[PDB]
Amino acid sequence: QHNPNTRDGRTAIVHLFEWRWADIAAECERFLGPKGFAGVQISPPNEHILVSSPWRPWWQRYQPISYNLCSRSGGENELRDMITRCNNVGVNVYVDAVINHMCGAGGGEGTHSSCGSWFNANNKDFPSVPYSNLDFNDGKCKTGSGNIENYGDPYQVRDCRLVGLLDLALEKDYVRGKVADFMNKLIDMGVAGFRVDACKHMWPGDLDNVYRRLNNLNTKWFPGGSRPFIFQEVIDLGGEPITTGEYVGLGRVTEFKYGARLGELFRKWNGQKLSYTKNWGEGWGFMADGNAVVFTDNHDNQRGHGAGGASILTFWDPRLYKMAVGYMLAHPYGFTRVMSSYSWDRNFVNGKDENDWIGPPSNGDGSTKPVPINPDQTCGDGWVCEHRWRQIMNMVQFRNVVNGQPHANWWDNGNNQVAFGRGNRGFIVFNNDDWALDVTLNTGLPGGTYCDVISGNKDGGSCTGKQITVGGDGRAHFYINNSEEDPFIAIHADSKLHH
């Protein structure tokens, strides 16, 4: 279950946070397949509440109502059509699985649900599953409020309510059964794996019992004996009584130290310097490489009040962001996931974004808009589409090209200019200092003229952007002025030219 099940040598996945199924499938066919992406993570596809105050926030999709497959992104039929079209062009589908809980205790009752089901969160009644009062952890929690009040306490964190969300009693064979039927339903459709939401809050005991109930993947696209990929949301930045160690044997875990630490590096906070990152990865106390899923930001912390808070980097800070994501994609550590966000009117009041609840671009009526493609291959309507940025999609290719090659040929100027290679397949160079980068380096690469994929690509027998001359000895001179709008350069075997 640590195996991502990627095909065709592809190596990375995007979180198309909040996209409609119909949009994802189109994007699969037109872009993801062609451009070498290994797969998509999609927002929770189950039925969920519709919050009205505030108006239809992104976070409503993390308050399930039933396991019926109709959500903000689409219906069961759209869903199946997407998996299929994405699969047919080799892009896997990973599902965000919300199973720690149902909706909030004060969810009230009525038919305000993504399917228009009826339900009564006051009596803990969810007829569509069905679930009922006895399927919840109330008796097990001993907090005054019945919410998690202290994270120093490992029992609270599993058995109490996460900020008020009704905590499923996952020791119960009935509940374990229900959840698995859900995940199996998805797997049967051709889903490749899961991002299990909220894992810090469930017992590894209960998790294993579920994971063991899951079928092998659909042999329509996946070899026999393939298992669902599992990666788990656990936040651990040190000092936590709860560590990723407890989950790491059940499947992969999110390494939140990765983005947090990487952010303060390119920001240069607390006298952290890029040069320090030669032993980046396990060296830095990150978990074991084969257990890790790594990313710069996710939907939570890109709103500045999650793991890493202020130090996390987002499309809001393009220049640093591109370098950070490029670094991540070049480095061998972890299994990498690129963010794909939408924007919204940020409103900071005492350093908190009072608008961080805002959902995706959408028609009033709270249904989400499609994703329009601009002719120069970017996205309209408030969809950001970082995954479509030249400096990103090209590093996604870079990672495919160099896949497997060792970290090699490290260099640094003692400060915030560094470079490294991956085998003899690729070399990357960063300049995050306040003066120019100016050196000859052993790239470890075959001699020739390579195209800098950051500033463009190889097209025909020429470079659309910068280009770089590697001597037969593999030495190459780099000049990156700190003025440069993208102060880093990358080249690789597939960006080389004929003799």
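Note that residue numbering follows the sequence shown and begins at 1.
Taking only CA atoms, the mean B-factor in the PDB entry is higher for 127-135 than for the other of 127-135 and 287-295. In this entry, the higher average B-factor at the C-alpha atoms falls on 145-153, of the pair 180-188 and 145-153. In this entry, the residue among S343, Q417, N120, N279 with the greatest C-alpha B factor is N120. In this entry, the residue among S43, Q60, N46, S462 with the greatest C-alpha B factor is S462. Ranked by Cα temperature factor within the chain, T6 sits in the lowest third according to the deposited record. Sort the chain's modelled residues by C-alpha temperature factor and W357 lands in the middle third, per the entry. Residue-level temperature factors show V93 in the lowest third of its chain, judged at the C-alpha atom. When all modelled residues of the chain are sorted by CA temperature factor, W316 is found within the highest third.
In the deposited entry, the Cα temperature factor of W389 sits in the middle third of values across the chain's modelled residues.
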